[PDB]
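So the structure is just underneath, and the comments pick up after that.
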Amino acid sequence: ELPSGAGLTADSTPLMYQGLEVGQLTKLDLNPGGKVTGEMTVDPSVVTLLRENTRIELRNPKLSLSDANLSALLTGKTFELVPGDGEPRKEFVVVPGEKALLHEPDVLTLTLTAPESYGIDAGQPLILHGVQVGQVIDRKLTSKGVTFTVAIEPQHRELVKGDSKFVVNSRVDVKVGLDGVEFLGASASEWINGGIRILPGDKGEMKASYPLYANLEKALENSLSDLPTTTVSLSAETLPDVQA
Amino acid sequence: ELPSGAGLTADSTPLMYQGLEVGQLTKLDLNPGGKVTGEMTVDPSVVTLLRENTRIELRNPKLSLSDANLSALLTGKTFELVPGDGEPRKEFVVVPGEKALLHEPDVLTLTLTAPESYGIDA
């Protein structure tokens with residue numbers, strides 16, 4: 001059950017497992033209602049891998065800066081078998097390559113709010129301790145502002161622990177001080193990738209929503225808003241004092 | 001015993017030694033359990049180099065900024081024979097190109113801790 005047979009050709013697009021062709025997309029049709037379906041023959045040696053949570057991911061070719069493989073660029077779209085376990089099944093729903101993380105046997109899905117996108121998009125990485133542990137699934141605009149949905153891999157799921165803070169890394173911010181020479185938000189190699197930094201906590205509950213802090217300092221201050229609350233008010237007639 | 005036959009084609013990917021083709025990957029199969037294996041015929045003139053710690057490295061083509069060789073880009077994956085010494089052997093385990101330094105007769109392996117990646121990758 002395809003999302004849209006954009007680059008798919010009948011009898012040409014292969015099912016690809018461990019780098020070896022296993023199956024061949026045979027039929028590709030447009031059902032009424034705009035739905036696109038198809039069917040694929042697989043090698044009998046692999047049918048045991050078609051189980052309940054076995055999934056098939058449509059993968060786009062990607063430009064590898066390290067290994068510029070021309071063949072991958074020429075073949076275009078590809079199917080990929082990633083097996084699971086359970087009862088055998090025959091009907092399948094193809095997940096797009098970006099949503100592949102969303103459909104996993106155990107994946108940590110979070111919804112985090114923000115007043116602004118800050119340049120964060122739906123393909124950005126998601127960094128903990130300088131290493132990617134997840135991905136931004138998508139970005140939805142609401143009346144109050146942006147809400148993102150993000151996903152965390154199961155192997156790193158146990159390191160967030162209910163308390164954490166999420167900091168924007170997609171925007172550079174150079175601050176200058178008399179002693180405060182600092183470059184917050186990103187490094188140049190990491191700014192092109194963008195992403196969201198995670199400040200992990202100790203213990204918690206994995207609550208449903210988390211605020212998104214525009215920089216590290218506001219995350220430390222636990223100051224999601226912009227205007228701090230008036231701790232106290234003073235009345236003075238004429239004083240040559242600070243405006244703010 | 002391949003990691004994954006990603007760019008490997010049977011009867012096409014060569015074994016490459018000193019820049020000269022020596023061998024040809026003949027058979028390439030998926031064993032049960034997800035394991036990928038294969039077998040390769042080598043020239044009899046080179047069988048003496050297949051010894052105990054002789055290793056075979058799968059090498060990806062790389063974009064040389066100095067010598068943009070189009071042929072290397074077109075051939076894709078390559079095998080490379082780097083000989084060793086000891087008893088002759090026939091079964092082999094292909095090391096990926098990145099892990100090639102890890103499998104050497106003498107290599108100094110260190111584990112170093114950090115509180116953060118600092119952008120350091122593998």
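If you're wondering about the labels, chains in the structure tokens are A, B, ... by order shown, residues count from 1 in each chain, ligands from 1 in order shown.
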| message | DSSP on the backbone, helix (DSSP H, G or I) only: what residues of chain B does that give? Format it as a PyMOL selection string. | response | chain B and resi 44-49+70-75+98-100
| request: Residues of chain B no more than 6 Å from chain A, counting only C-alpha atoms: send them over as an MDAnalysis selection string. | output: chainID B and resid 4:6 61:62 116:119
| If you run DSSP on this backbone, which residues of stretch 31-107 of chain B come out as strand (DSSP E), and could you give them as an MDAnalysis selection string? | chainID B and resid 36:42 55:59 78:82 95:96
Suppose we keep N, CA and C atoms; can you now write the selection as a short mmCIF file (atom, residue, chain, number, x, y, z; two decimals), in the first residue's frame?
```cif
data_model
loop_
_atom_site.label_atom_id
_atom_site.label_comp_id
_atom_site.auth_asym_id
_atom_site.auth_seq_id
_atom_site.Cartn_x
_atom_site.Cartn_y
_atom_site.Cartn_z
N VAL B 36 25.49 -13.14 5.23
CA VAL B 36 25.82 -13.06 3.82
C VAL B 36 27.20 -13.67 3.63
N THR B 37 27.29 -14.64 2.74
CA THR B 37 28.56 -15.28 2.45
C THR B 37 28.78 -15.28 0.95
N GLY B 38 29.95 -15.74 0.56
CA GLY B 38 30.26 -15.85 -0.85
C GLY B 38 31.56 -16.60 -1.01
N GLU B 39 31.97 -16.73 -2.25
CA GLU B 39 33.24 -17.38 -2.51
C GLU B 39 33.82 -16.84 -3.80
N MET B 40 35.15 -16.88 -3.86
CA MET B 40 35.92 -16.16 -4.86
C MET B 40 37.03 -17.05 -5.36
N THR B 41 37.25 -17.05 -6.67
CA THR B 41 38.36 -17.77 -7.26
C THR B 41 39.55 -16.84 -7.34
N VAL B 42 40.71 -17.33 -6.93
CA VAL B 42 41.93 -16.55 -7.02
C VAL B 42 42.88 -17.23 -7.99
N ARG B 55 44.72 -10.80 5.19
CA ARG B 55 43.35 -10.33 5.30
C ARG B 55 42.90 -9.70 4.00
N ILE B 56 41.58 -9.66 3.85
CA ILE B 56 40.92 -9.13 2.67
C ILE B 56 40.04 -7.98 3.11
N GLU B 57 40.26 -6.81 2.54
CA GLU B 57 39.55 -5.61 2.95
C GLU B 57 38.62 -5.16 1.84
N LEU B 58 37.35 -4.97 2.17
CA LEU B 58 36.44 -4.38 1.21
C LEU B 58 36.61 -2.87 1.22
N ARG B 59 36.96 -2.31 0.08
CA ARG B 59 37.27 -0.90 -0.05
C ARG B 59 36.23 -0.23 -0.93
N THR B 78 35.21 -2.75 -4.07
CA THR B 78 36.40 -3.45 -4.50
C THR B 78 36.88 -4.31 -3.34
N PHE B 79 37.48 -5.45 -3.65
CA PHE B 79 38.20 -6.20 -2.63
C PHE B 79 39.68 -5.92 -2.76
N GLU B 80 40.39 -6.03 -1.64
CA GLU B 80 41.81 -5.74 -1.64
C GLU B 80 42.51 -6.79 -0.80
N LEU B 81 43.54 -7.39 -1.36
CA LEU B 81 44.30 -8.41 -0.65
C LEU B 81 45.49 -7.76 0.03
N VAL B 82 45.56 -7.88 1.35
CA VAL B 82 46.78 -7.47 2.03
C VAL B 82 47.34 -8.69 2.75
N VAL B 95 36.82 -7.74 6.43
CA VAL B 95 36.72 -6.59 7.31
C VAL B 95 36.23 -5.41 6.49
N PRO B 96 35.36 -4.57 7.03
CA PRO B 96 35.00 -3.33 6.33
C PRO B 96 36.21 -2.42 6.22
#
```
| field | For stretch 102-114 of chain A: contacts at 8 Å, only C-alpha atoms, fewer than 5 positions along chain excluded, given as number ranges by chain | value | A: 53, 95, 137, 145-154, 157, 208-213
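Atom pair atom CA of residue B:121 / atom CA of residue A:197 has a distance of 16.8 Å (rounded to one decimal).
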